[PDB]
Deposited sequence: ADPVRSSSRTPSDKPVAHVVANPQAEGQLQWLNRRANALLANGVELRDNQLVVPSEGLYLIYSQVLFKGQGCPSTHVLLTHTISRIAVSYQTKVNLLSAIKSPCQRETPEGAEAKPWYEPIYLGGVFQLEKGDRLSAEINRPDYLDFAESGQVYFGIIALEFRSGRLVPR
């Protein structure tokens, strides 16, 4: 009866981050809804919110690249976007001269928050084109009531 959600990124839509439920090892149970690529909790309580985003890249671009992963909350109590969790990474330090060696960078967010009914949680990134869709379990989002 515990509201639980564990959604995985869609491997068929390159260039955007879309969450799915009707896949193996993915859950949407006990009231949690998936609307507008966002998770809506069914009750007020303490939720563990977690997410993991894997960025891939063929070589290092000439310009510097920053990868930002942010779990944000739009609640009925504030009605604005509030960043619950945030992380920034800089995968490349110098331009590739030669063979473009691939780079991989994982970013994990995890916390416990008190959420009211109707709050919408969104896991957003700044560079959707760098997303990893090769194998399952690399990019995912989730909230579990506690």
request  = Walk along the deposited sequence from position 1 and note every stretch that has no C-alpha coordinates.
outcome  = 1-12, 110-111, 161-170
